[PDB]
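As given, the protein sequences belong to chains D, H and J, one line each in that order. For the first sequence, counting from 1, position 113 maps to 113 in PDB author numbering; every step adds exactly one. For the second sequence, counting from 1, position 16 maps to 181 in PDB author numbering; every step adds exactly one. For the third sequence, counting from 1, position 93 maps to 326 in PDB author numbering; every step adds exactly one.
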Amino acid sequence: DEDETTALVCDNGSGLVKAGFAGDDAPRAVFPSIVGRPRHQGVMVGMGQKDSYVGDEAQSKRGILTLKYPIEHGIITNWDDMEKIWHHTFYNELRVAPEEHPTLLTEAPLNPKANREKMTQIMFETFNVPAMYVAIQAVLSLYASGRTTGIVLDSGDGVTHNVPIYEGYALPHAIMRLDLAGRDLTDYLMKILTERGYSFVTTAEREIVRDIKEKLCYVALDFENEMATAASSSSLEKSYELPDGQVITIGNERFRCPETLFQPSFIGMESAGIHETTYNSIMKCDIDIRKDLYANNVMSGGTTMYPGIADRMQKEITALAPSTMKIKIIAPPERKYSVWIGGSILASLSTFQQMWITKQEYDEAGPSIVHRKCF
Amino acid sequence: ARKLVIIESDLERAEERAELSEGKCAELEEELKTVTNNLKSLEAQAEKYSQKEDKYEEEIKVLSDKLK
Amino acid sequence: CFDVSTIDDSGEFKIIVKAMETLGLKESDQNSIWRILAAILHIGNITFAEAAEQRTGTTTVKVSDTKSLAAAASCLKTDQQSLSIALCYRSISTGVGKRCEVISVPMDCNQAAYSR
Ligand SMILES: Nc1ncnc2c1ncn2[C@@H]1O[C@H](COP(=O)(O)OP(=O)(O)O)[C@@H](O)[C@H]1O
Ligand SMILES: [Ca+2]
C-alpha cells in the first residue's frame with residue numbers, strides 16, 4: 001500500500017485462528033479451527049460433499065458435520081486434513097498469497113521434534129514461504145502487557161504452560177505442560193449432564209457446550225459454604241432458553257465442573273493444581289528472586305475470564321508461599337488476545353530477522369535447519 | 166362461490182395470525198415493563214454496592230497509614 | 234508564562250481578523266470554526282488524577298475534576314460517563330462479522346496518558 005512490502009500476522013490454537021493483515025493491533029478474521037465431513041452424505045449431488053465444512057460455513061451448520069478436531073493439545077491426530085485448513089486461511093479470509101508475505105505462527109511449548117520438520121515441509125516445499133518463524137506461545141504476551149520482570153501462565157483451550165519468563169527463556173526447566181483445558185471441560189459436561197435428563201451426545205453439539213459455558217458458568221470460592229446455599233434457589237438456577245427450545249436451569253452445574261481445574265483428582269490425574277505447579281517452578285530458581293515474582297503475576301488466556309479466577313489464586317498461593325511482601329496478580333481484563341498483541345510486536349521488529357528462516361537457509365542446512373538455528 | 170372461499174379462508178388466516186400476534190405482543194409488552202423495573206432495581210443496587218466498595222477503598226487506605 | 238512585554242496581544246487579534254476577512258473568512262464563518270476549536274479545548278483540559286481502583290501501588294484512571302471532563306462531553310452533548318467507558322477502557326471483540334463494543338480493559342497509566 002505504498003508503505004512497505006510483504007507482511008502479515010497470524011496465530012492459531014484450540015479455539016480460534018487469530019489472524020489479520022499487515023501491521024495490525026488486533027485480529028481481523030478469527031474462525032474456529034474445526035473440520036469435518038458428512039455423517040448425512042450431503043445430498044451427495046447437492047454438491048460432491050468434500051470441503052469437510054471448515055470456517056464460518058462450518059460453524060454455521062453443525063448438524064451435517066461430524067466435527068473431528070485435528071490438533072488436540074500437542075498431538076495431531078492427522079496432518080492430511082490440515083492441508084485444507086490453511087488453504088482456507090490465506091486465500092479466503094486473509095485474501096493474500098502465501099508466496100509473498102511472511103508468516104508468524106505460534107509454537108506449543110515442547111512440541112515433538114518430528115512435527116516442526118513436517119510443518120516446514122508444507123510451507124516451503126508446497127506453499128513456498130521465503131520467510132517465516134514459529135515463536136513460543138507465552139514469551140510473546142510478555143512484551144505486550146508491558147512487563148519485563150513477571151511469571152507467565154498462558155493457556156486457554158490448548159495446553160497449560162507455566163512459563164517463568166521475567167529475565168530469561170530456555171534455561172532451567174521450571175516449566176510444565178498439562179493437557180487439561182478447553183476441550184477437557186467441553187467433554188466432561190455431557191457426562192455429569194446425564195443426571196439432569198440432558199446429554200449432548202455427539203461432537204457437533206458438544207461444541208455448543210463451550211458456547212453456553214462462557215456466558216454463565218462460574219467458579220466457587222468455597223464449595224463447603226456454597227453447599228448449604230444450594231437450598232436457597234436464588235443464586236443457583238437461572239433460566240437459559242436453548243436457541244432451539246429446551247430450557248436448562250443451570251445452577252450447581254456452574255461451579256461443579258470448574259472445580260476440576262483446581263482439583264485434577266476428579267479425572268484420574270495426579271497432576272497438581274495450577275497453584276502447586278507454580279511452586280514447583282519457583283522453588284527451582286534462586287532464593288533471592290521470589291519477592292519480585294509475587295509482586296506481579298501474568299495470568300493470560302481465555303480460561304482466565306470466568307468469574308472467580310484471580311481472587312481464588314490469592315487465597316491458595318499465600319498459604320504455601322512466603323508471607324511478608326505484597327502479592328498482586330496481573331490478569332489483563334482481556335487477557336485472551338495477549339498473545340496476538342505480542343504477536344503484533346515481534347511482527348514489526350527488525351531484530352526478528354535473526355530468528356526466522358529464509359528460503360535458501362532451508363536448502364543449505366537440510367530439514368534440520370529449524371533445530372539447528374532456533375531453540 | 167369458490168372465490169368467496171379463497172378470500173374467506175384468507176380471513177381465517179388473517180384473523181388467526183392477528184389474535185396470536187396481539188396476544189403475544191401484549192404479553193411481551195407487559196413483560197418488558199417487569200424486566201425494565203428489574204433493570205432499574207438492579208442498577209440501583211449496583212450503584213449502592215459501587216459507592217460502598219469505594220468507601221472501603223479509602224477506608225482500607227487510611228487504616229494502612231495509621232498501621233504503618 | 235502568558236503575558237509578554239515584547240508582543241502585543243490585543244493589537245494582533247484585530248490584525249488576524251483582517252487576514253481572515255481579506256482572504257475569505259467572514260465572522261459568520263469564524264464563529265462556526267471557533268466552536269470546533271473550542272470543543273478541542275474542552276477535551277484538552279483534562280489531565281486525569283490518580284484513580285484508587287487497584288490494590289497495591291499501581292492504579293488506573295478516573296475523573297476527579299468532573300466539570301473539566303464534563304466540558305469535553307458538553308460540546309458533544311453525550312452521557313459523560315458512557316464517553317469514558319469506551320476511551321479509557323479498550324474494548325475489542327471482532328470475529329466473523331466485525332467487532333462489538335462494550336467489554337473493555339482498564340489500561341495502565343502509561344497507556345492511559347498515551348491515549349490521552
Ligand atoms: N470472555 C470470555 N469468557 C469465557 N471464555 C472466553 C472468553 N473469551 C474467550 N473465551 C474462550 O477462550 C477460548 C480461546 O482461548 P485461547 O487462550 O485463545 O485458546 P487456545 O490458545 O487454546 O487456542 C475459546 O474457547 C473461547 O470461547
Ligand atoms: Ca495454543
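Here a beta-carbon is modelled for each residue, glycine too, at the ideal position from N, C-alpha and C.
> If you drop the 5 nearest sequence neighbours on each side, which residues of the same chain put their C-beta closer than 8 Å to that of D:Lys113?
Replying inline: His371
> Along the region 286–297 of chain J, what residues have a CB closer than 7 Å to any CB found in chain D?
Replying inline: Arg288 and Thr289
>> Helix, strand or coil for D:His161? Go by DSSP, reduced to three states.
In response: strand
> What is the DSSP secondary structure of D:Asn115, reduced to helix, strand or coil?
Replying inline: helix
>> Going by DSSP, what residue range makes up the beta strand (DSSP E) through J:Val338?
In response: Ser337 to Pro339
> Tell me, which residues are paired with D:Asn297 by DSSP?
Replying inline: D:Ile151 and D:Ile329
>> Against J:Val335, what residues of chain D qualify as contacts under a CB-to-CB distance less than 8 Å, listed in chain order?
In response: In chain order: nothing, as chain D lies at least about 12 Å away.
> Which chain J residues are close to D:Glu334, counting only those with a beta carbon under 8 Å from its beta carbon?
Replying inline: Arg323, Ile325, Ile336, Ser337 and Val338
>> Quick check: the region 339–346 of chain D against the region 309–316 of chain D, are at least 3 beta-carbon pairs closer than 8 Å?
In response: no
>> Please tell me whether, using a cut-off of 7 Å, the distance from the CB of J:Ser315 to the nearest non-hydrogen atom of ligand 2 is below it.
In response: no
>> Could you tell me the alpha carbon to alpha carbon distance between J:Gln263 and J:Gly257, rounded to whole angstroms?
In response: 10 Å
> For D:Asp11, which of helix, strand or coil comes out of DSSP?
Replying inline: strand
>> Counting C-beta neighbours from all protein chains within 10 Å, is the total for D:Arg183 16 or more, i.e. buried, or is it exposed?
In response: buried
>> Closer than 7 Å to a non-hydrogen atom of ligand 2 - does that hold for the CB of D:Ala108?
In response: yes
> Taking a cut of 9 Å between CB atoms, which residues from the region 305–330 of chain D lie near chain J?
Replying inline: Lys326, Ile327, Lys328 and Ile330
> With 8 Å set as the bound, which would you pick, yes or no: does the beta-carbon of D:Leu16 sit closer than that to a beta-carbon of chain J?
Replying inline: yes
> What residues of chain D sit near J:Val237, judged by a beta carbon separation below 7 Å?
Replying inline: Near J:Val237 there are no residues of chain D at all, since even the closest Cβ is about 41 Å away, more than 7 Å.
> Touching or not, the region 323–338 of chain D and the region 174–191 of chain D, by the rule of three or more beta carbon pairs under 8 Å?
Replying inline: no
> Sorted by chain position, which residues of the same chain lie with C-beta nearer than 6 Å to D:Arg116's C-beta, five sequence neighbours on each side aside?
Replying inline: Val370
> Are any of the Cβ atoms in chain D nearer than 8 Å to that of J:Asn343?
Replying inline: yes
> Are there 16 or more other CB atoms within 10 angstroms of the CB of J:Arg332, so buried, or fewer, so exposed?
Replying inline: exposed
>> Against chain D, with Cβ distances strictly below 8 Å, would J:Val329 count as a contact?
In response: yes
>> At the 8 Å Cβ level, is D:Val30 part of the contact set with chain J, yes or no?
In response: yes
> What do you get for J:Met340, buried or exposed, if any count of 16 or more other CB atoms within 10 angstroms of its CB means buried?
Replying inline: buried
> Would D:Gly156 pass as a contact of D:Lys336 if the rule is Cβ separation under 8 Å?
Replying inline: yes
> Roughly how many angstroms separate the alpha carbons of D:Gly168 and D:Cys285, rounded to a whole number?
Replying inline: 11 Å
> Among D:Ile165, D:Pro322 and D:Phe262, which has the Cα closest to the Cα of D:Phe223?
Replying inline: D:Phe262
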